[PDB]
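The next block is data.csv, given as CSV, C-alpha atoms and all ligand atoms.
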chain,number,residue,atom,x,y,z
A,11,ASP,CA,125.2,93.2,109.0
A,12,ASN,CA,124.3,89.5,109.5
A,13,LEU,CA,120.5,89.4,109.2
A,14,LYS,CA,119.9,85.7,108.8
A,15,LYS,CA,118.2,85.1,112.2
A,16,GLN,CA,116.0,88.3,111.9
A,17,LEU,CA,114.8,87.3,108.4
A,18,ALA,CA,114.1,83.7,109.6
A,19,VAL,CA,112.0,84.8,112.8
A,20,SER,CA,110.0,87.4,110.8
A,21,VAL,CA,109.2,85.2,107.7
A,22,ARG,CA,108.4,82.0,109.8
A,23,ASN,CA,106.1,84.1,112.1
A,24,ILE,CA,104.0,85.6,109.3
A,25,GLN,CA,104.2,82.2,107.5
A,26,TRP,CA,105.2,83.6,104.1
A,27,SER,CA,107.4,81.7,101.5
A,28,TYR,CA,110.6,83.8,101.7
A,29,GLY,CA,112.3,87.0,102.7
A,30,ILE,CA,115.2,88.9,101.1
A,31,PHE,CA,117.1,92.0,102.5
A,32,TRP,CA,118.3,94.1,99.6
A,33,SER,CA,121.3,96.2,100.8
A,34,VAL,CA,122.8,99.3,99.2
A,35,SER,CA,126.2,98.6,97.4
A,36,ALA,CA,129.3,99.9,99.4
A,37,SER,CA,130.8,100.9,96.0
A,38,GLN,CA,127.7,102.2,94.0
A,39,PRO,CA,125.3,104.5,96.0
A,40,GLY,CA,121.6,103.9,95.0
A,41,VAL,CA,122.4,100.3,93.7
A,42,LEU,CA,120.6,97.4,95.7
A,43,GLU,CA,122.2,94.0,95.7
A,44,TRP,CA,121.2,90.8,97.6
A,45,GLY,CA,122.1,91.3,101.3
A,46,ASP,CA,120.6,88.1,102.9
A,47,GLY,CA,117.5,85.9,102.8
A,48,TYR,CA,115.5,83.2,104.4
A,49,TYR,CA,113.7,80.5,102.4
A,50,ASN,CA,110.5,79.2,104.1
A,51,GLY,CA,109.0,77.4,101.1
A,52,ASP,CA,108.4,73.7,99.9
A,53,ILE,CA,111.4,71.3,99.3
A,54,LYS,CA,111.3,67.9,97.5
A,55,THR,CA,114.8,66.6,98.6
A,56,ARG,CA,116.5,66.2,102.1
A,66,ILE,CA,120.4,72.6,117.2
A,67,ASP,CA,119.1,74.5,114.1
A,68,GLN,CA,116.1,76.2,116.0
A,69,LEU,CA,115.2,78.5,113.0
A,70,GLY,CA,115.7,76.0,110.2
A,71,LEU,CA,118.6,78.1,108.6
A,72,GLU,CA,120.2,75.0,107.0
A,73,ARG,CA,118.2,74.9,103.6
A,74,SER,CA,118.8,78.7,103.2
A,75,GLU,CA,122.6,78.2,103.9
A,76,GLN,CA,122.5,75.3,101.4
A,77,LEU,CA,120.7,77.3,98.7
A,78,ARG,CA,123.3,80.1,99.2
A,79,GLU,CA,126.2,77.5,98.9
A,80,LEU,CA,124.7,76.1,95.6
A,81,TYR,CA,124.3,79.7,94.3
A,82,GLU,CA,128.0,80.5,95.0
A,83,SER,CA,129.1,77.3,93.2
A,84,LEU,CA,126.9,78.0,90.2
A,85,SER,CA,128.0,81.6,90.0
A,86,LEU,CA,131.6,80.5,90.5
A,104,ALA,CA,125.0,67.6,102.4
A,105,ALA,CA,125.5,70.0,99.5
A,106,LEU,CA,122.6,70.4,97.1
A,107,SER,CA,122.7,69.7,93.4
A,108,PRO,CA,120.5,71.7,90.9
A,109,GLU,CA,118.1,68.7,90.4
A,110,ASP,CA,117.3,68.7,94.1
A,111,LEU,CA,115.5,72.2,94.0
A,112,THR,CA,111.8,72.9,93.7
A,113,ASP,CA,110.7,75.7,91.2
A,114,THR,CA,110.1,78.0,94.3
A,115,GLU,CA,113.7,77.3,95.5
A,116,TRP,CA,115.0,78.4,92.0
A,117,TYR,CA,113.2,81.8,92.3
A,118,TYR,CA,114.9,82.2,95.7
A,119,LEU,CA,118.3,81.2,94.3
A,120,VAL,CA,118.3,83.2,91.1
A,121,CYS,CA,117.2,86.4,93.1
A,122,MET,CA,120.8,86.3,94.6
A,123,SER,CA,122.2,87.4,91.1
A,124,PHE,CA,119.9,90.5,90.8
A,125,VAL,CA,121.1,94.1,91.2
A,126,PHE,CA,118.6,97.1,91.1
A,127,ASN,CA,119.4,100.7,90.3
A,128,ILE,CA,117.3,103.2,92.5
A,129,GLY,CA,114.0,103.5,90.6
A,130,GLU,CA,114.4,100.0,89.0
A,131,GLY,CA,111.9,97.2,89.7
A,132,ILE,CA,110.0,96.7,93.0
A,133,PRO,CA,113.1,96.9,95.3
A,134,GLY,CA,114.5,100.0,93.5
A,135,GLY,CA,111.0,101.4,93.4
A,136,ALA,CA,110.5,101.0,97.1
A,137,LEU,CA,114.0,102.6,97.8
A,138,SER,CA,113.2,105.6,95.5
A,139,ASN,CA,109.5,106.1,96.6
A,140,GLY,CA,110.4,105.5,100.3
A,141,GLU,CA,107.3,103.4,100.9
A,142,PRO,CA,105.9,99.9,100.3
A,143,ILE,CA,105.0,98.3,96.9
A,144,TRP,CA,102.4,95.5,97.5
A,145,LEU,CA,102.0,93.3,94.5
A,146,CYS,CA,98.9,91.0,94.5
A,147,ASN,CA,98.7,88.6,91.4
A,148,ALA,CA,102.5,89.3,91.2
A,149,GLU,CA,102.6,86.6,88.4
A,150,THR,CA,100.6,89.0,86.1
A,151,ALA,CA,102.5,92.3,87.0
A,152,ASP,CA,103.8,94.5,84.1
A,153,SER,CA,107.5,93.5,83.5
A,154,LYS,CA,108.4,97.2,83.8
A,155,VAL,CA,106.9,97.3,87.4
A,156,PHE,CA,108.0,93.8,88.4
A,157,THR,CA,111.0,92.4,86.4
A,158,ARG,CA,110.5,88.9,88.1
A,159,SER,CA,106.7,88.3,87.2
A,160,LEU,CA,107.4,85.2,85.0
A,161,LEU,CA,109.9,83.7,87.6
A,162,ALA,CA,107.2,84.4,90.2
A,163,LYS,CA,104.6,82.6,88.0
A,164,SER,CA,106.9,79.4,87.7
A,165,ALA,CA,107.3,79.4,91.5
A,166,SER,CA,103.5,79.8,92.2
A,167,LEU,CA,104.3,83.1,94.0
A,168,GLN,CA,101.1,85.2,94.1
A,169,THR,CA,101.9,88.1,96.6
A,170,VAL,CA,105.2,90.0,96.7
A,171,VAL,CA,105.9,93.0,99.0
A,172,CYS,CA,109.0,95.4,99.1
A,173,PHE,CA,109.4,98.2,101.6
A,174,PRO,CA,112.2,100.5,102.9
A,175,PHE,CA,113.8,99.2,106.1
A,176,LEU,CA,117.2,99.6,107.8
A,177,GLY,CA,118.6,101.7,105.0
A,178,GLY,CA,117.9,99.0,102.5
A,179,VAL,CA,114.7,97.2,101.2
A,180,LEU,CA,113.0,94.2,102.8
A,181,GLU,CA,111.1,91.9,100.4
A,182,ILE,CA,108.6,89.2,101.4
A,183,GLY,CA,106.6,86.9,99.1
A,184,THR,CA,104.1,84.1,99.4
A,185,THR,CA,102.4,81.5,97.2
A,186,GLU,CA,99.1,82.8,98.9
A,187,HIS,CA,96.9,85.6,97.7
A,188,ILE,CA,97.0,88.3,100.5
A,189,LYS,CA,95.2,91.6,100.0
A,190,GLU,CA,97.3,94.7,100.9
A,191,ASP,CA,97.6,94.7,104.7
A,192,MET,CA,100.1,97.3,106.2
A,193,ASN,CA,99.7,95.4,109.6
A,194,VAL,CA,101.8,92.5,107.9
A,195,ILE,CA,104.6,95.1,107.2
A,196,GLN,CA,104.3,96.5,110.8
A,197,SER,CA,104.2,92.9,112.1
A,198,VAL,CA,107.5,92.0,110.1
A,199,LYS,CA,109.4,95.1,111.1
A,200,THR,CA,108.5,94.5,114.8
A,201,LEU,CA,109.3,90.8,114.7
A,202,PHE,CA,112.5,91.6,112.9
A,203,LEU,CA,113.7,94.3,115.4
A,204,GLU,CA,112.7,92.2,118.5
A,205,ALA,CA,114.2,88.8,117.1
B,11,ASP,CA,124.6,85.4,62.5
B,12,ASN,CA,125.0,81.9,64.2
B,13,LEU,CA,126.8,78.6,64.5
B,14,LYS,CA,123.9,76.5,65.9
B,15,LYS,CA,123.9,74.0,62.9
B,16,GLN,CA,127.7,73.8,62.8
B,17,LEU,CA,127.9,73.0,66.5
B,18,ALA,CA,125.0,70.5,66.3
B,19,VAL,CA,126.6,68.5,63.3
B,20,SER,CA,130.1,68.5,64.9
B,21,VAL,CA,129.0,67.5,68.5
B,22,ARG,CA,126.5,64.9,67.3
B,23,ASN,CA,129.1,63.4,64.9
B,24,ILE,CA,131.9,62.9,67.6
B,25,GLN,CA,129.1,61.9,70.0
B,26,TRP,CA,130.2,64.2,72.9
B,27,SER,CA,127.8,65.7,75.5
B,28,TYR,CA,127.9,69.4,74.4
B,29,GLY,CA,129.8,72.2,72.5
B,30,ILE,CA,130.1,75.9,73.1
B,31,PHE,CA,131.5,78.6,70.8
B,32,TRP,CA,133.1,81.4,73.0
B,33,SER,CA,133.2,84.6,70.9
B,34,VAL,CA,135.3,87.7,71.5
B,35,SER,CA,133.2,90.7,72.9
B,36,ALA,CA,132.5,93.4,70.3
B,37,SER,CA,132.9,96.0,73.1
B,38,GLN,CA,135.9,94.4,75.1
B,39,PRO,CA,138.9,93.2,73.2
B,40,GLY,CA,140.3,89.9,74.6
B,41,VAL,CA,137.1,89.1,76.6
B,42,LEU,CA,135.2,85.8,75.7
B,43,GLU,CA,131.5,85.5,76.2
B,44,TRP,CA,129.0,82.7,75.3
B,45,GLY,CA,128.5,82.8,71.4
B,46,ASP,CA,126.4,79.7,70.8
B,47,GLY,CA,126.1,76.1,71.9
B,48,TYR,CA,124.6,72.7,71.3
B,49,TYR,CA,123.5,70.4,74.1
B,50,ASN,CA,123.8,66.7,73.2
B,51,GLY,CA,123.4,65.2,76.7
B,52,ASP,CA,120.7,63.2,78.7
B,53,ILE,CA,117.3,64.8,79.5
B,54,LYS,CA,114.6,63.5,82.0
B,55,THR,CA,111.3,65.1,80.6
B,56,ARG,CA,110.1,64.8,77.0
B,65,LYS,CA,108.4,71.6,60.8
B,66,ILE,CA,111.3,68.9,60.8
B,67,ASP,CA,114.1,69.3,63.4
B,68,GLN,CA,116.8,67.2,61.6
B,69,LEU,CA,119.6,68.2,64.1
B,70,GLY,CA,117.6,68.1,67.4
B,71,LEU,CA,118.1,71.9,68.0
B,72,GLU,CA,114.9,72.2,70.1
B,73,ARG,CA,116.3,71.3,73.6
B,74,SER,CA,119.3,73.6,73.0
B,75,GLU,CA,116.8,76.4,72.0
B,76,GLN,CA,114.7,75.6,75.1
B,77,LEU,CA,117.8,75.7,77.5
B,78,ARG,CA,118.6,79.1,76.0
B,79,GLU,CA,115.0,80.4,76.5
B,80,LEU,CA,115.1,79.2,80.1
B,81,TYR,CA,118.5,80.9,80.6
B,82,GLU,CA,117.1,84.2,79.2
B,83,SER,CA,114.1,84.1,81.6
B,84,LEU,CA,116.4,83.2,84.7
B,85,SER,CA,118.7,86.1,83.8
B,86,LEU,CA,115.9,88.8,83.1
B,103,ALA,CA,105.0,76.6,73.9
B,104,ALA,CA,106.7,73.7,75.8
B,105,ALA,CA,109.0,76.2,77.7
B,106,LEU,CA,111.1,74.4,80.3
B,107,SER,CA,110.9,74.9,84.1
B,108,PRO,CA,114.0,74.7,86.3
B,109,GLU,CA,112.8,71.3,87.8
B,110,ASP,CA,112.7,69.8,84.3
B,111,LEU,CA,116.6,69.9,83.9
B,112,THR,CA,119.2,67.2,84.5
B,113,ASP,CA,122.5,68.2,86.3
B,114,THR,CA,124.3,68.0,82.9
B,115,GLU,CA,121.7,70.5,81.4
B,116,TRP,CA,122.5,72.8,84.4
B,117,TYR,CA,126.2,72.8,83.5
B,118,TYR,CA,125.2,73.8,79.9
B,119,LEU,CA,122.8,76.5,81.0
B,120,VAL,CA,125.0,78.2,83.7
B,121,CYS,CA,128.0,78.3,81.2
B,122,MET,CA,125.8,80.9,79.3
B,123,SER,CA,126.5,83.4,82.2
B,124,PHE,CA,130.4,83.0,82.1
B,125,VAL,CA,132.8,85.7,80.7
B,126,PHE,CA,136.6,85.0,80.4
B,127,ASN,CA,139.5,87.5,80.2
B,128,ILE,CA,142.3,86.5,77.8
B,129,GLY,CA,144.5,84.2,80.0
B,130,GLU,CA,141.5,83.3,82.3
B,131,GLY,CA,140.3,79.7,82.6
B,132,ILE,CA,140.4,77.1,79.9
B,133,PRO,CA,138.7,79.3,77.2
B,134,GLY,CA,140.8,82.4,78.0
B,135,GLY,CA,143.9,80.0,78.3
B,136,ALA,CA,143.2,78.6,74.8
B,137,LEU,CA,142.7,82.1,73.3
B,138,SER,CA,146.0,83.4,74.9
B,139,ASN,CA,148.2,80.3,74.2
B,140,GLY,CA,146.7,79.8,70.7
B,141,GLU,CA,146.4,76.1,71.1
B,142,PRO,CA,144.2,73.3,72.7
B,143,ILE,CA,143.8,72.6,76.4
B,144,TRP,CA,142.7,68.9,76.7
B,145,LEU,CA,141.4,68.3,80.3
B,146,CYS,CA,141.0,64.6,81.2
B,147,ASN,CA,139.5,64.0,84.8
B,148,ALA,CA,138.2,67.6,84.4
B,149,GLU,CA,136.2,67.1,87.7
B,150,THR,CA,139.6,67.0,89.6
B,151,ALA,CA,141.3,69.9,87.6
B,152,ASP,CA,142.9,72.8,89.8
B,153,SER,CA,140.2,75.6,90.0
B,154,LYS,CA,142.8,78.2,88.8
B,155,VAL,CA,143.2,76.1,85.6
B,156,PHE,CA,139.5,75.0,85.2
B,157,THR,CA,137.1,77.4,87.0
B,158,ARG,CA,134.2,74.9,86.4
B,159,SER,CA,135.7,71.6,87.8
B,160,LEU,CA,133.0,71.2,90.5
B,161,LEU,CA,130.2,72.1,88.1
B,162,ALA,CA,131.8,69.5,85.7
B,163,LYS,CA,131.8,67.0,88.7
B,164,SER,CA,128.0,67.5,89.4
B,165,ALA,CA,127.3,67.0,85.6
B,166,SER,CA,129.4,63.8,85.5
B,167,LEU,CA,131.6,65.5,82.8
B,168,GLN,CA,135.0,63.8,82.7
B,169,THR,CA,136.7,65.2,79.5
B,170,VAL,CA,136.7,69.0,78.5
B,171,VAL,CA,138.6,70.4,75.5
B,172,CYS,CA,139.0,74.1,74.3
B,173,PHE,CA,140.8,75.2,71.2
B,174,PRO,CA,141.1,78.4,69.2
B,175,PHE,CA,138.8,78.4,66.2
B,176,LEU,CA,137.2,81.0,63.9
B,177,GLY,CA,138.7,84.0,65.9
B,178,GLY,CA,137.1,82.6,69.1
B,179,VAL,CA,137.3,79.4,71.2
B,180,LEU,CA,135.4,76.1,70.6
B,181,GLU,CA,134.8,74.0,73.7
B,182,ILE,CA,133.6,70.3,73.7
B,183,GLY,CA,133.0,68.1,76.7
B,184,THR,CA,131.8,64.6,77.4
B,185,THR,CA,130.8,62.3,80.3
B,186,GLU,CA,133.3,59.8,78.8
B,187,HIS,CA,137.0,59.6,79.7
B,188,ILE,CA,138.8,60.3,76.3
B,189,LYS,CA,142.7,60.5,76.3
B,190,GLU,CA,144.2,63.4,74.4
B,191,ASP,CA,143.4,62.9,70.7
B,192,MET,CA,144.2,65.8,68.3
B,193,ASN,CA,142.3,63.8,65.6
B,194,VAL,CA,139.1,64.6,67.6
B,195,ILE,CA,139.9,68.4,67.3
B,196,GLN,CA,140.7,67.9,63.5
B,197,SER,CA,137.4,65.9,63.0
B,198,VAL,CA,135.3,68.7,64.8
B,199,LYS,CA,136.9,71.5,62.8
B,200,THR,CA,136.4,69.7,59.5
B,201,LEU,CA,132.8,68.6,60.4
B,202,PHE,CA,132.2,72.2,61.5
B,203,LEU,CA,133.4,73.8,58.3
B,204,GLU,CA,131.8,71.2,55.9
B,205,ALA,CA,128.4,71.3,57.8
C,1,CL,CL,119.1,61.6,69.0
C,2,CL,CL,137.2,77.4,82.8
C,3,CL,CL,138.5,62.2,81.6
C,4,NA,NA,111.6,93.4,90.5

Please lay out the structure from this file as structure tokens.
Amino acid sequence: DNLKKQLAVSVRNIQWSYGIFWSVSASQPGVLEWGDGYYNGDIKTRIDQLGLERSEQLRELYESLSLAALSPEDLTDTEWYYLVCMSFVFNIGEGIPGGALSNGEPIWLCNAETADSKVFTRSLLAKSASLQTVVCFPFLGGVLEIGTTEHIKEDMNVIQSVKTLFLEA
Amino acid sequence: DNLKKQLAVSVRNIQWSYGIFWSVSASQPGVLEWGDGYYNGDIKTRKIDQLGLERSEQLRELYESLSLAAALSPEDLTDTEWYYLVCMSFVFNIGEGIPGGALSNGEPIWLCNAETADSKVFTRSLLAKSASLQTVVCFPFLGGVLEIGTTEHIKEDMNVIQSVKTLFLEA
């Protein structure tokens, strides 16, 4: 699809730090890759109703590193978490996105920064980005991930609220 | 084992910004991958470390964390350090880019104004531009490819390649 506006409305509404849609590979069944995202976090360096520009710029920088443009020194540590997630690919069963696809239900990580590296492969990247809460759930034939620098106890109403905001955007 | 001390002596001696040894994949004939490097460029942060290996070891540690005691965070790096770090991800087919070109041709490729090089010759010309790297040189060496680059404009000088190989083997 193109999911950019849906991701933006839903992340900005719940006021979390970022969202990613992990989509199933066209070529490799049961392999998740980066589909699209929205970055809603802090920046240190500077009609777009939904503030898509910084997300489009982080994407452009990722594409140039992986072979008003941003340079690497412009990013916060939270922006680097967002950008390096674009490189990640998950086998069904693998990590929190692969886990959520296989299990067919949410994985809600509180204290994500301390999660076992075999449950959450990104726990140390989360720690450097001050990301505390990370949530993955099956949605639209892929996996929707949201994370925040805030500590939020497991609340299935947040997931319901994102799916609804997403589908009505 | 490793080339870290050899790379350090030779890059620090010629006073260039960095060196990389691209080594042929054990698994894939004619594919180059990152073997080892030495970063000799600017920084913005701050047992005897004679050759200043620590920052190179820290840039490697940060790369391994990004690809899944004084560890670096991404915000700590200069734009030249980012060139050095993202090179660790790159893989080249024989014939492909300047390292693959150097392996295939069996001789040096000396890029001046590397920031303006055609992207089919030098895949990294825009990364070079963001890192203020002007001169990039690859040549076959030890069954792989040695790459050196600098923020300076240095016209083609095969005596630089001779001095690096000699410094490298006498290190
Ligand atoms: Cl020094
Ligand atoms: Cl290249
Ligand atoms: Cl030059
Ligand atoms: Na994970």

**Q.** Option closest in space to ligand CL 2 (chain C), from A:166, A:86, A:12, A:139 [counting only C-alpha atoms and all ligand atoms]
**A.**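 Ranking A:166, A:86, A:12, A:139 by distance to ligand CL 2 (chain C), first place goes to A:86.
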
Just want the residues within 6 Å of ligand CL 2 (chain C), written as a PDB file with C-alpha atoms, in the frame of the given file, counting only C-alpha atoms and all ligand atoms.
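Done, and the output landed in out_30.pdb:
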ATOM      1  CA  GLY B 131     140.300  79.700  82.600  1.00  0.00           C
ATOM      2  CA  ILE B 132     140.400  77.100  79.900  1.00  0.00           C
ATOM      3  CA  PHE B 156     139.500  75.000  85.200  1.00  0.00           C
ATOM      4  CA  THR B 157     137.100  77.400  87.000  1.00  0.00           C
ATOM      5  CA  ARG B 158     134.200  74.900  86.400  1.00  0.00           C
TER       6      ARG B 158
END

Q: Name each residue within 9 Å of ligand CL 1 (chain C), counting only C-alpha atoms and all ligand atoms, as a list in words.
A: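 So the residues close to ligand CL 1 (chain C) are residues 22, 50, 69 and 70 of chain B.
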
Q. What does the distance between CA of residue 37 (chain B) and CA of residue 125 (chain B) come to in Å, to one decimal place?
A.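 Going from CA of residue 37 (chain B) over to CA of residue 125 (chain B) covers 12.8 Å.
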
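Ranking B:202, B:116, B:144, B:173 by their shortest atom-to-atom distance to ligand CL 3 (chain C), with all atoms listed in the file included, puts B:144 first.
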
Q: Find the residues near ligand NA 4 (chain C). Use a cut-off of 8 Å, count all atoms listed in the file, and write them as a ChimeraX atom specification.
A: /A:126,130-134,155-159

Q. Which is closest to chain B among A:26, A:118, A:48, A:32, if we use only C-alpha atoms?
A. A:118

Q: Compile the residues of chain B that lie within 8 Å of chain A, evaluated using only C-alpha atoms, and express the compilation as a ChimeraX atom specification.
A: /B:83-86,107-109,111-113,116,120,157-158,160-161,164

Taking the block above, write region 47-71 of chain A with N, CA, C and O atoms as a compact mmCIF listing (two decimals), in the first residue's frame.
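Result file decode_31.txt:
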# COMPACT_ATOMS: atom_id res chain seq x y z
N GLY A 47 6.71 3.88 7.86
CA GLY A 47 6.74 4.36 9.23
C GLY A 47 6.41 5.79 9.32
O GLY A 47 6.27 6.47 8.27
N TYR A 48 6.29 6.20 10.56
CA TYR A 48 6.10 7.60 10.97
C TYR A 48 6.95 7.82 12.21
O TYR A 48 6.77 7.14 13.24
N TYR A 49 7.78 8.84 12.16
CA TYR A 49 8.60 9.28 13.29
C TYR A 49 7.94 10.48 13.97
O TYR A 49 7.79 11.52 13.32
N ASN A 50 7.66 10.37 15.26
CA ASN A 50 6.94 11.39 16.06
C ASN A 50 7.80 11.82 17.24
O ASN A 50 7.25 12.21 18.25
N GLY A 51 9.12 11.67 17.19
CA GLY A 51 9.99 11.85 18.36
C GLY A 51 10.67 13.22 18.33
O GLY A 51 10.30 14.06 17.49
N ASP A 52 11.65 13.43 19.22
CA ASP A 52 12.43 14.70 19.31
C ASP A 52 13.37 14.81 18.10
O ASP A 52 13.74 13.78 17.54
N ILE A 53 13.68 16.05 17.73
CA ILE A 53 14.71 16.43 16.72
C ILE A 53 15.61 17.50 17.36
O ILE A 53 15.23 18.04 18.43
N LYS A 54 16.79 17.71 16.81
CA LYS A 54 17.75 18.71 17.37
C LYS A 54 18.21 19.64 16.26
O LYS A 54 19.07 20.46 16.53
N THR A 55 17.63 19.51 15.07
CA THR A 55 18.14 20.07 13.79
C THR A 55 16.97 20.28 12.85
O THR A 55 16.30 19.28 12.55
N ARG A 56 16.75 21.53 12.39
CA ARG A 56 15.78 21.88 11.33
C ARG A 56 16.55 22.38 10.11
O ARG A 56 16.88 21.52 9.27
N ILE A 66 1.38 22.56 2.17
CA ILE A 66 0.83 22.40 3.55
C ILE A 66 1.04 20.94 4.00
O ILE A 66 0.41 20.02 3.42
N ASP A 67 1.91 20.73 4.99
CA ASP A 67 2.26 19.38 5.52
C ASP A 67 1.46 19.22 6.82
O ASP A 67 2.08 19.36 7.87
N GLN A 68 0.13 18.97 6.72
CA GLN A 68 -0.82 18.89 7.87
C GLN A 68 -0.31 17.89 8.91
O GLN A 68 -0.35 18.20 10.10
N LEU A 69 0.19 16.74 8.45
CA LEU A 69 0.58 15.61 9.34
C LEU A 69 2.07 15.56 9.68
O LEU A 69 2.50 14.58 10.35
N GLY A 70 2.85 16.58 9.33
CA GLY A 70 4.28 16.56 9.71
C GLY A 70 4.99 15.32 9.17
O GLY A 70 5.79 14.75 9.93
N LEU A 71 4.76 14.97 7.89
CA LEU A 71 5.41 13.82 7.18
C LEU A 71 6.86 14.14 6.80
O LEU A 71 7.61 13.19 6.59
